[PDB]
Amino acid sequence: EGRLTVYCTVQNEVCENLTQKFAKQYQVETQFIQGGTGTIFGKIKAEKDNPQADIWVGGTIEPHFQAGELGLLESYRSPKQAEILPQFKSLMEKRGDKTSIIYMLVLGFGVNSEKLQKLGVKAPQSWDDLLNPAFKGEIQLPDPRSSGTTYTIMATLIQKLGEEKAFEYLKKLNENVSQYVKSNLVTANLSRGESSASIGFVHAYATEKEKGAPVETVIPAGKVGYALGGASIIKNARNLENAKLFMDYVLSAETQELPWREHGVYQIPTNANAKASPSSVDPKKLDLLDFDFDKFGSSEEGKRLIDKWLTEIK
Ligand SMILES: Cc1ncc(COP(=O)(O)O)c(C=O)c1O
């Protein structure tokens, strides 16, 4: 007899499972709208004066942080925050009044081994390998209007190279890009062989390969970029009590195992008590950047960089 609307940036089948299970557990009529991180961020900004959802589940965390700075989020600290991996303690001190961490993702390349043979080039192992002229028209990555992935790409390259060389690299990469599309289409196009290599979070490439696509994952040489999955309650939510229960729910260990146990999707749990699938990469074995989520969570910085992508890249 209660209600709840979830803006959902995790996979559609996971959104469906999460909301259906919650609805039965609490007798709450639960609806969701699925969208990329940038898509949902845009909706929340546009709907500020009359919100159409109560909680935003999933998506890269810097747009969540930015929404918080813009006054778009409710303050609420779930008791389940205590179970977040301790490496995120300091970040949750600064941002956790309005955004919680519910998973993590590693940024890498997906490559279609069949397309690779057809182009006659070896699988790329470095960022600069993607600039090979043999890759003209064969690279895809997501459009930053819809996709938090592409903001993570920008932030990764800026931390690796400095901003000037980051945008120099992206301009050279743009010459090999066929089109920028929604992240899930990037993944689908790679599996089908419309593209030869893509940049994105690597859990999707593990799922694609397990489901029979000729796709391999590459962790690019050098420092590794990554993302956190955010969850935030929307300011002036219609259904605040149910939004808090849903927040507690997605912060719980069992809920963070449901993606791999029930859907073969491999976002890495951030609840210290949850078990990860062996198909997820282990970030502890990678050369992670000391990723400055707090800096790129600035609303000023996020808008400046998205506008700069749109003006300088295309
Ligand atoms: C669980 C999850 N979170 C976040 C993302 C990022 O999606 P997008 O780049 O469209 O914002 C993805 C897509 O790869 C995803 O599968």
Side-chain angles (χ1 to χ4, degrees), residues 9-11 14 37 58-65 80-96 99-111 124-127 141 147-160 183 187 198-210 215-231 250-253 255-261 263-297:
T9 303
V10 301
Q11 303 93 342
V14 174
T37 308
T60 62
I61 201 166
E62 297 92 338
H64 284 254
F65 291 165
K80 289 293 169 61
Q81 285 191 332
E83 299 179 26
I84 296 171
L85 293 170
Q87 67 207 250
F88 302 121
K89 173 65 182 172
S90 181
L91 184 61
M92 286 294 85
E93 291 168 4
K94 206 259 181 173
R95 302 281 187 176
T99 300
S100 298
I101 300 161
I102 53 159
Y103 54 85
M104 58 188 298
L105 303 175
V106 170
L107 185 76
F109 305 158
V111 300
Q125 292 192 46
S126 68
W127 290 89
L141 59 101
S147 166
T149 303
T150 299
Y151 189 66
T152 295
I153 294 176
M154 283 186 55
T156 294
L157 289 174
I158 289 168
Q159 287 170 99
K160 274 173 42 73
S183 60
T187 302
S198 65
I199 311 177
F201 297 116
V202 297
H203 65 306
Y205 304 130
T207 298
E208 288 306 302
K209 173 179 186 183
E210 286 183 12
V215 167
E216 301 301 314
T217 294
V218 177
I219 307 301
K223 291 298 180 168
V224 175
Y226 66 106
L228 306 174
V250 293
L251 285 167
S252 298
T255 313
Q256 299 183 8
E257 297 184 2
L258 173 155
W260 64 264
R261 292 188 179 276
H263 304 283
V265 300
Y266 297 124
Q267 54 261 43
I268 297 159
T270 50
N271 183 306
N273 304 120
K275 176 178 119 47
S277 167
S279 288
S280 295
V281 303
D282 183 359
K284 291 176 295 179
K285 333 279 208 183
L286 306 176
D287 190 11
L288 300 187
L289 286 163
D290 188 356
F291 207 99
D292 197 347
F293 295 108
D294 188 52
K295 165 182 174 64
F296 290 94

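Numbers for residues simply follow the sequence, beginning at 1.
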ask   = Where is the tightest heavy-atom contact between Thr37 and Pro63, given as atom of each residue plus distance?
value = CG2-CG, 3.5 Å
ask   = Under 3.5 Å, is there a donor-acceptor pair between the side chain of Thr255 and the main chain of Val250?
value = no
inquiry  = Using modelled atom types and a 3.5 Å cut-off, is there a donor and acceptor pairing between side-chain atoms of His64 and backbone atoms of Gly58?
reply    = yes
request  = Please test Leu107 against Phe291 for side chain to side chain contact (heavy atoms under 4.5 Å, CB included), starting from the C-alpha separation and ending with a verdict.
outcome  = CA-CA 12 Å; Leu107 185 76; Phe291 207 99; over 6 Å; no
key: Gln256 versus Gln267, side-chain donor and acceptor atoms under 3.5 Å   = no
inquiry  = I'd like to know whether NZ of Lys209 has more than 12 heavy-atom contacts from other residues, nucleotides or ligands below 6.0 angstrom.
reply    = no
query = Is the closest side-chain heavy-atom distance between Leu288 and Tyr226 below 4.5 Å?
reply = yes
query = Given the rule in the side chain to side chain contact (heavy atoms under 4.5 Å, CB included) test, do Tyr266 and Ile268 qualify, once you have shown the distances and angles that lead to the verdict?
reply = CA-CA 6 Å; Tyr266 297 124; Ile268 297 159; over 6 Å; no
query = So which heavy atom on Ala206 is nearest to which on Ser279, and how close?
reply = CB-O, 4.0 Å
key: Donor on one side chain, acceptor on other, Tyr205 and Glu210, under 3.5 Å   = no
Within 6.0 Å of CD in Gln87, more than 12 heavy atoms from elsewhere = yes
message = Between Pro124 and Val111, is there a side-chain heavy-atom distance shorter than 4.5 Å?
response = yes
note = Rounded to the nearest 0.5 Å, the CG atom of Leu258 sits from the NE2 atom of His263 at a distance of 4.5 Å
task = Flag the pair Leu251 / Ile84 as yes when at least one side-chain heavy-atom distance between them is below 4.5 Å, and no otherwise.
result = yes
key: Basic-acidic side-chain contact under 4.0 Å: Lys275, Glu257   = no
task = Return the minimal non-hydrogen interatomic distance between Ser183 and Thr149, and the atom names on each side.
result = CB-OG1, 4.4 Å
request  = Could you give me the CA-CA distance, side-chain angles and deciding distance for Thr152 and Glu62, then say whether side chain to side chain contact (heavy atoms under 4.5 Å, CB included) is met?
outcome  = CA-CA 8 Å; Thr152 295; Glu62 297 92 338; 4.2 Å; yes
task = Would you name the heavy atoms of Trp127 and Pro220 that are closest together and state the gap between them?
result = NE1-CB, 3.5 Å
Student check: side-chain heavy atoms of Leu228 and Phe293 closer than 4.5 Å = yes
query = Could you walk me through whether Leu289 and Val224 pass the side chain to side chain contact (heavy atoms under 4.5 Å, CB included) check?
reply = CA-CA 6 Å; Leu289 286 163; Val224 175; over 6 Å; no
request  = Kindly compute the distance separating OG1 (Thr60) from CG (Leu105), expressed to the nearest 0.5 Å.
outcome  = 8.5 Å
request  = With rounding to the nearest 0.5 Å, note down the distance linking OG in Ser280 to OH in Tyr103.
outcome  = 12.5 Å
request  = Measure across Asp292 and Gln159 and return the closest heavy-atom pair with its distance rounded to 0.1 Å.
outcome  = N-OE1, 2.9 Å
request  = Hey, could you give me the CD1/OG distance between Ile153 and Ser147, rounded to the nearest 0.5 Å?
outcome  = 7.0 Å
Distance (rounded to the nearest 0.5 Å) between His203 NE2 and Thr217 OG1 = 10.5 Å
query = Between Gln81 and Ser100, what is the shortest heavy-atom contact and its length?
reply = NE2-OG, 3.0 Å
ask   = Distance from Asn271 atom CG to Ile102 atom CD1, nearest 0.5 Å?
value = 11.5 Å
task = Would you confirm whether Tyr151, through its side chain, and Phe296, through its main-chain N or O, come within 3.5 Å as a donor-acceptor pair?
result = yes
